[PDB]
Amino acid sequence: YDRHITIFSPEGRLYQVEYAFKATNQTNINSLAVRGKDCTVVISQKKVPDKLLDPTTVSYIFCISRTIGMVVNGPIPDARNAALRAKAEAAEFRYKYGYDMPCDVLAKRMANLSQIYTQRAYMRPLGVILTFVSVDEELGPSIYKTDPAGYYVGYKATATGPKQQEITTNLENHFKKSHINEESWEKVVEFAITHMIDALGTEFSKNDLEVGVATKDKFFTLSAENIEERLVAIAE
Amino acid sequence: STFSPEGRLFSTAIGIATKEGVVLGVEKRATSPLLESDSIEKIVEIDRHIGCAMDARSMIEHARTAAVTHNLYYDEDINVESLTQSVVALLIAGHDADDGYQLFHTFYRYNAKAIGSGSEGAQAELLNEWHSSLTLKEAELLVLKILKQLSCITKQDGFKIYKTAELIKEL
Amino acid sequence: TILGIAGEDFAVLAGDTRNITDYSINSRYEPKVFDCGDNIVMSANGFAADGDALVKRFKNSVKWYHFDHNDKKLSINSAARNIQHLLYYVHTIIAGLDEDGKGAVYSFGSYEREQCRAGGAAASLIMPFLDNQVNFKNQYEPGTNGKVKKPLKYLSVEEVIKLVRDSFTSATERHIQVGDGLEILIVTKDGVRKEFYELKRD
Amino acid sequence: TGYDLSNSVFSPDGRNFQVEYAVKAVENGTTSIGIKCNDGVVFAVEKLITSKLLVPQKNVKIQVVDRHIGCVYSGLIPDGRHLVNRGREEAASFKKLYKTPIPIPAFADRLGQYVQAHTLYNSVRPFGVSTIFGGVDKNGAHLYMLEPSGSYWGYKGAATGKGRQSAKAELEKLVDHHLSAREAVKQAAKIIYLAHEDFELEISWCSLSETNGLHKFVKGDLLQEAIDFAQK
Amino acid sequence: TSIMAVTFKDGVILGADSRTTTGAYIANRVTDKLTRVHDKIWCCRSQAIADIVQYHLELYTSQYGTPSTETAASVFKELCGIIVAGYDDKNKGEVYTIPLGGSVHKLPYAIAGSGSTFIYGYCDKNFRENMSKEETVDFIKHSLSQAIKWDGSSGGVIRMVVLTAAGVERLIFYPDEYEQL
Amino acid sequence: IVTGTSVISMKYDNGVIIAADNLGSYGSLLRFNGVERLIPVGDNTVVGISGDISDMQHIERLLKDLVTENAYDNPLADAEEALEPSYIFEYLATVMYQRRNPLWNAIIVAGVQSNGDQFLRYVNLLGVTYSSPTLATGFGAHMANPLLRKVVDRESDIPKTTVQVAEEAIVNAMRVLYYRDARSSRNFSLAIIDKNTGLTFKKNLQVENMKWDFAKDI
Amino acid sequence: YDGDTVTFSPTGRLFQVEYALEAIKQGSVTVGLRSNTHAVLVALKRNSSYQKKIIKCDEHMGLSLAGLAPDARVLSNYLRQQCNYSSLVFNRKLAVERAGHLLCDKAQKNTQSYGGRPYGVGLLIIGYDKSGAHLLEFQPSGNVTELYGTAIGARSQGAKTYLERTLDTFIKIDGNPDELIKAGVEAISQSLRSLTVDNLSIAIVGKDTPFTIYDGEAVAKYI
Amino acid sequence: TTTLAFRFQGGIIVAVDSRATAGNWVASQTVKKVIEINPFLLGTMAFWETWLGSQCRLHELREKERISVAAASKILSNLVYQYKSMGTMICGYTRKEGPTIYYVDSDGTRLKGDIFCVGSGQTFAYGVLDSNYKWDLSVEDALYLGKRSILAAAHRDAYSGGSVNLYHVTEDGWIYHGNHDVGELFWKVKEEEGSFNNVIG
Amino acid sequence: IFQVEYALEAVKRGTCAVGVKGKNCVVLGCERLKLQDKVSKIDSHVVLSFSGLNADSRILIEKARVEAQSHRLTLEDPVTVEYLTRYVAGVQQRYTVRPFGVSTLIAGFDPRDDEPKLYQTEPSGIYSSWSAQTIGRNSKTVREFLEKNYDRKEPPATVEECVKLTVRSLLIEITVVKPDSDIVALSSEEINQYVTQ
């Protein structure tokens, strides 16, 4: 029964947590986040299989707070649960401690919740990987990623999804050759889209992407027209 | 707390219900001469006009509490059918001014009923022997007959437990 | 003000229909005595809201009684005991026929069955006159030198109606809170009869 | 096998099987659809006649929440009623706190969080219904559809139930060839009859112009016009 | 205190004095009494519950989207006088007042605090619908200056917050400026 | 501390008339002049409220919740299963008695029952309720009832009281209340609920024909 | 998959609820029918005395049970409590449709929460209110259906088919309480494989008729 | 109110008045101030006793023997002390206690004794009991003593009177020796004894 | 129930205890390594003996003592032996994650009474009265001895007869309970004189 609840197998492995990682890939979309000089950009594939869907609602990027944004890899119900909990925690921190929750504090709090699910047998882990992006008041642009095991760490740039390894190789190549040195968020968004295209070998329309930009005192999501401007700027 | 696919959930006490009273009897069946027969209370009172013949003690405590509560609340003797739905195989017998003398064993009112390992033959004997014109004397004697093959509730006496030697001699 | 009188195979429960606050009349016809069925008549005066709550809860209790006993006519003593256990800044009076067919008036826990009982503001104006006229208190047979008391005969429902009307007319005369109309409910073997009599409206 | 006997368990594939079985329960339900018109939403459901003894209309299936949200679902109808009761409680609480009718996206999120919560614990069962719901609020018309997993999205048109596939095939044609509310009612009737291939058509709708944004049922002459158009 | 919210042609202007007193002693003569509970929603007590209301409004903004000024007043009411003034492009500038009774009243302009008593007649005669920004500012200056001149527990500098579709603009007027009005 | 005073009403041969002034007084200060205190709850019911305005708004919220919840799973909520004046009155009385943290109000629920009987009942913060051919609340219970009771002294006067007679009586009672009540306003709302015509709700009525000329002699 | 109420089968069925439905088919048939003015319950009891199938909730409503009687007593207790609450808080006679929906919402809880079991009793509820005469059929799954007539319990299919073919007739029976009872007793007879004065039970409610039950000699004239 | 209970060779005599007043208004002159808890227990008061009788019925059903007077008085005193101006005697007979009187009051005290008088007229009842009481009184003498002791309090105490209800607690249960109207009783006593000389008539 | 029957097995492995009640007293006797070096008073008038899991007997005895004192605190009268037996049986019933593997003999006298009482309780929560009884290991063997040496029409008349019968049955500690709160364990030398005799 060690594979049905979060208890150790003879190998010391928590098989339910390992299966929870597998669930994260079942939405089959890839995302990447890069840090600019003064901003953070998140790119995510907005795959819309059904023509009757309203694409405006299909979205895995969440505005957790004025400054923090979150992109989720995994089932949308669990993703929305995580987003609601993160919004609640950010508001409670702003209330208790008088200032906006830092990105990494939110990541730690969410990873501690995830760890709790990983040790109490009553509760299953959420099958979502949470990637928080913000421009911290102190540390500047930040990317923190949390996983079902309760592990989290900060990133220079990160990718997540079935083709995570390829996007990671692309980013590693660029970082070796070269944060992304840019003067405004549009250029870093264009760079992120370019590397997404190259890693995935697939061109994107304004409908295939969802983009979130973290800037000083605002995390905002690009509308389809804004993403169209970026795609034109790349086509040029 | 589960249903079977066929839809259903997964001593010998003999009673007669006459129009002059309801008679109950039990085989004490002491396991040894050391067990004090005085303490084999297999027929018990539930109320001044209600008794039953046998989890037992707890259910009887709750039934007695319900009956006294009803009497306190309404100053009326609880209806036997109401008691059955407000409270081991049971023979519950009592009297009231609504349905008179009743005997119950989910519940079903019975003119006469028996329970236990001898129930299968006892019910046939009752079916052959019982008649509406039974006076309390013949009812008591037929109780003893079926046992060999006491207590009563009356409008004057209420519930009382049994002179029993005199009835075996009269038997 | 309410008034219950038990008699020979009848009982009456009467009360004035006026409703007041401070020195102002709220309504001139607010019925105060209720025919509760089962040949029981009841009235819960005192603080209005608690009386209403008590009546409502007693109606709930009697509905449950009817449920458990297959719509059996609730006896006056059973109703009285129920009303105790339910008990509110209220002075309840219930009247009806007992199991022997005699008139019965119950006053309220601590219920007391009594031959007559008044309640409300003008109970003090009404009750002594009823003691004198129904119970013949302080009356002796003439010429006996105070040795032989006047026998306690029973009054017919007509005489009791007259007594109630005159008692409430006097209370209306001398009590400012009493009297716009008189509501009298007679309980007998036939059922519950309702009578209304006008009183002075000042 | 073995990993699908409980609600909290992930399979080695990463899938929660009890939710997929709840989806299987939905696909057995009768066909219900929703259509978003330029200023409102239209709901329709095929009400299968079990016998001639059913009263011809009074077994209503579409449900209103507050006054501006309408809900229709397929699958275990009692679970749909349970979900709608929770939705009514949520809307009532929101109106109590904030004096304003709950926005449709907010209501959708509340219902999704409730349905998803039933997939967290082994002690509770997933909902056996996919619920099309929508209405009109300060931001216009919204149409949503829950799945037993708690997943939901906004839709231009939605269909679920046994005939969901045919209904979807005709919703695609609606969207590709355009739809005002008046026309939307008739199109909903046509789509329900096409998907049916005895039953009762029940239609409802909520349009800013034609109902002032409040949810109303289609009755009388408009209902019959939809009937004869669809038969036409 | 002497707080004053006035809707005008382009939005709402919320203004207050800067004096706080404990008895006759002025505890603080430069207090900022205008409280930003949400981006375009500002309130004015006539502190802990202000934090609670900001908490609940951030929670609302995260769950259900941008709250209205009526939403803010509702949150005050359900937690509970207050003048809640705000702006949005759907409703434009709004003023709500929540006197001690706890009832909520949407108004064209609102005055509160001890100083408001002395300028009920003045504001009634001088207020006009859809004034310009300059006219609204002058109106508030004169009203609050009279309230300060009469109310002992009111004084110091006059602060204003101008809420408009353009943005939030803060103004300050010193006694050397308004006492001569 | 914000309160409204006057609610008066009488029943007549075909329905009920109810009126109230549009004022909210902050103690001695006539602070708010637009408060509406008559709350229609359908074509057959109006709930006039007096006392604390915050509790008045609370009660309005509860009434709208009633009208919302009654329509759930109720296809006849429009005509046959619609809320009666009596159902609303009993709900409100239950609310007041539950809170009684009492709601500091007095409420007159006026309307016509589905069978055509005029409904007119009172309830206050103590849960005290009564019915009468004429009802008034607060300061009107002393000045308005004597005037209205001259029109309908008893039950038998109701069928002899026409629409216009009751209307003019109510208007005159508002004029007298404005004369002699310090916490009253010149502006009032009036609602007629006729069994034939249904709810006929008038707003922003004016107290007119006041007499002041005799002041010059004093 | 069938060992508990919170598990779906791989095909989406709830085996425990289907077993609870099978529980009803064990009990004796009860029949319900109505015109516009009157609604009638005709129940076949079984013995020893016969168990009473009819239960009275109000002067305006009552019900009969098929299956586990204890589940019936619980559901009818809850129903009476809800009617009492409605009269307590509104002086409003609880509508039959609303009472049916309350039962539906109570029964559904047991089919979704672990620890309990579905109610193994099916109920026929008849009542009269402002909307007229009503007849509801309640099932363990929580489903409630408003019907012109129905029969539940063992071998009820014969009575149900008879009611189907007789529907055109007994709908027209307005102002004739006895003819409805006659049609109902004729219907329940089709479910036998016989009726007696002591075995049969009848209940009726309508415009002028409060809910009343006939047993013993009272049903002799209808047999 | 005036209630007295005293023990003598023949059991217990319990005598009470009947008056009840709301201030100066005499609400009733026929109130029953003795509750018959059991055929062997009398509760004298000057809900509680309904609770005690319910507990006694439960004890009778559960246990083999009747509830003791000590147990009943302790139940009542515990209940009163939980809700801590009232005074009661629990008078009864038990085969293994004999005749027993327990005094219980609103303060929570519980006293076993031979003689107790309670209520506004208690001092006047004591004046007669203390001077005329003997252990070896005959049953008739003890009944007369209780009647006379309540008569004294009824005469001198304004809030005491109406009628005297006599109870006798014997080995076979309590005996109700009837109701005596103080109006008739005062005069009868005055002629037969020659007492109350100051009273005209 | 299965767990209750396994608790009965645990009881049957426990050391045997025996009780006999005579005309005037109840006598309780009990069957007590090289380097190692039963009857519990519940109140001054009632004693409780047990056989089975010793650890569980302490929970039972503590609960019984607390109830015996709480009865005197709530009601003046000390507990009856019957009442205490009923309470102990209730506790045993209620804990049927696992039952007590304990059966008890409860003996003593009623308050201000002189008829000796002897009762038994078993893990299921059943209880009954006995004139002589035994529990524990080989309880059947010695109960069969009592069933023929104890006479219902001539029970033991004095302390000597009760102790003699108890010692014969056991063949040792002996507790004699007598009215008016007289509980005493016999001396080792006295028990030796009985055994030799």
Side-chain angles (χ1 to χ4, degrees), chain D residues 49-56, chain G residues 24-47 50-56 61-67 96 122-128 132-138 145-223:
Chain D
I49 301 299
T50 300
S51 66
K52 291 174 71 175
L53 292 157
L54 272 73
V55 187
Chain G
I24 290 168
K25 292 181 161 64
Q26 312 313 310
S28 64
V29 62
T30 174
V31 163
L33 73 165
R34 65 164 190 93
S35 68
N36 290 318
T37 306
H38 285 80
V40 172
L41 289 171
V42 186
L44 176 76
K45 307 178 288 191
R46 292 184 291 113
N47 59 300
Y50 308 120
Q51 183 62 75
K52 67 182 290 294
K53 298 273 276 191
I54 313 301
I55 293 172
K56 179 174 179 176
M61 176 180 54
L63 73 165
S64 70
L65 60 89
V96 183
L123 312 169
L124 299 192
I125 304 96
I126 61 162
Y128 192 92
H134 302 288
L135 165 64
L136 307 183
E137 187 194 272
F138 163 92
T145 311
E146 183 178 1
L147 298 171
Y148 285 129
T150 192
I152 64 166
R155 291 182 290 112
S156 55
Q157 296 294 321
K160 198 182 293 174
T161 307
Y162 168 95
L163 285 160
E164 175 277 359
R165 65 179 177 88
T166 315
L167 183 63
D168 306 311
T169 300
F170 73 76
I171 293 299
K172 303 298 187 176
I173 306 173
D174 290 338
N176 189 336
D178 314 285
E179 182 65 26
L180 269 172
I181 298 168
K182 290 173 72 174
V185 293
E186 176 50 41
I188 190 167
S189 304
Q190 305 305 104
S191 281
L192 313 177
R193 302 292 178 90
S194 184
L195 289 180
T196 62
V197 179
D198 56 15
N199 212 355
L200 183 68
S201 188
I202 294 152
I204 180 162
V205 68
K207 177 175 275 281
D208 293 331
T209 314
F211 188 89
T212 57
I213 310 173
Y214 306 150
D215 271 299
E217 179 59 18
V219 301
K221 66 183 289 293
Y222 302 115
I223 291 179

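All heavy atoms count here, side chains included; hydrogens, waters and symmetry mates do not. Each chain gets a letter, A, B and so on, in the order its sequence line appears, and its residues count up from 1.
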**Student:** Please round to the nearest 0.5 Å and tell me the distance separating atom CD1 of G:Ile181 and atom CD1 of G:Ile202.
**Tutor:** 6.0 Å
**Student:** Heavy atoms only: give me the nearest G:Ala151-G:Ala159 pair and the separation to one decimal.
**Tutor:** CB-CB, 3.7 Å
**Student:** Under the side chain to side chain contact (heavy atoms under 4.5 Å, CB included) rule, what do G:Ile152 and G:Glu137 come out as? Steps first, then yes or no, please.
**Tutor:** CA-CA 8 Å; G:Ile152 64 166; G:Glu137 187 194 272; 3.3 Å; yes
**Student:** Closest approach of G:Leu33 and G:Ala183, non-hydrogen atoms and distance?
**Tutor:** CD1-CB, 4.1 Å
**Student:** Where do G:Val205 and G:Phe211 come nearest, in terms of heavy atoms and distance?
**Tutor:** CG2-N, 3.5 Å
**Student:** Can you tell if the side chain of G:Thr161 reaches within under 4.5 Å of the side chain of G:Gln190, non-hydrogen atoms only?
**Tutor:** no
**Student:** Minimum heavy-atom separation for G:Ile213 and G:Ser201, please, with both atom names.
**Tutor:** CG2-OG, 4.0 Å
**Student:** For G:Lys182, is the NZ atom crowded, meaning more than 12 foreign heavy atoms sit under 6.0 Å from it?
**Tutor:** no
**Student:** How far apart are the closest heavy atoms of G:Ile188 and G:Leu195, and which atoms are they?
**Tutor:** CG2-CD1, 4.1 Å
**Student:** I want to check something: taking the side chain as every heavy atom from C-beta on, are D:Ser51 and G:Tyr148 in contact at a cut-off of under 4.5 Å?
**Tutor:** no
**Student:** Do you know which two heavy atoms are closest between G:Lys45 and G:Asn199, and how far apart they sit?
**Tutor:** O-OD1, 2.8 Å
**Student:** Just to verify, what does G:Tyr222 make a ring-ring contact (aromatic ring centres under 6.0 Å, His included) with, not counting sequence neighbours?
**Tutor:** G:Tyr214
**Student:** When rounded to the nearest 0.5 angstrom, what distance separates CD1 in G:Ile126 from NE2 in G:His134?
**Tutor:** 11.5 Å
**Student:** Under the rule for salt bridge (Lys or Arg N to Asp or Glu O under 4.0 Å), what residues qualify as partners of G:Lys207, not counting sequence neighbours?
**Tutor:** none
**Student:** Just list the side-chain donor-acceptor pairs under 3.5 Å for residues 163-171 of chain G, sequence neighbours left out, or say none.
**Tutor:**
residue: G:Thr166; atom: OG1; partner: G:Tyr162; partner atom: O; Å: 2.7

**Student:** Please tabulate, one pair per line, all N/O donor-acceptor pairs under 3.5 Å involving side-chain atoms of residues 35-44 of chain G, not counting sequence neighbours.
**Tutor:**
residue: G:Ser35; atom: OG; partner: G:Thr37; partner atom: N; Å: 3.2
residue: G:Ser35; atom: OG; partner: G:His38; partner atom: N; Å: 3.2
residue: G:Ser35; atom: OG; partner: G:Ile173; partner atom: O; Å: 2.7
residue: G:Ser35; atom: OG; partner: G:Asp174; partner atom: OD1; Å: 3.4
residue: G:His38; atom: NE2; partner: G:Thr209; partner atom: OG1; Å: 3.1

**Student:** If you measure from NZ on G:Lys56 to CD1 on G:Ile54, what distance do you get to the nearest 0.5 Å?
**Tutor:** 13.0 Å
**Student:** Could I get the full list of side chain to side chain contact (heavy atoms under 4.5 Å, CB included) partners for G:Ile24, not counting sequence neighbours?
**Tutor:** G:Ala66, G:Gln139, G:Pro140
**Student:** Go through it in stages, so that I can follow the logic: the residues are G:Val96 and G:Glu146, the test is side chain to side chain contact (heavy atoms under 4.5 Å, CB included), and I'd like the CA-CA distance, side-chain angles, deciding distance and then a yes or no.
**Tutor:** CA-CA 10 Å; G:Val96 183; G:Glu146 183 178 1; over 6 Å; no
**Student:** Return the CD1 to CG distance between G:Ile204 and G:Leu180, rounded to the nearest 0.5 Å.
**Tutor:** 6.5 Å
**Student:** For G:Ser28, give me all partners under side chain to side chain donor-acceptor pair (under 3.5 Å), at least two apart in sequence or on another chain.
**Tutor:** G:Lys53
**Student:** Rounded to the nearest 0.5 Å, how far apart are OG1 of G:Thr150 and CG of D:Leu53?
**Tutor:** 7.0 Å
**Student:** Between atom CG of G:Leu123 and atom CG of G:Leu65, what is the distance when rounded to the nearest 0.5 Å?
**Tutor:** 6.5 Å
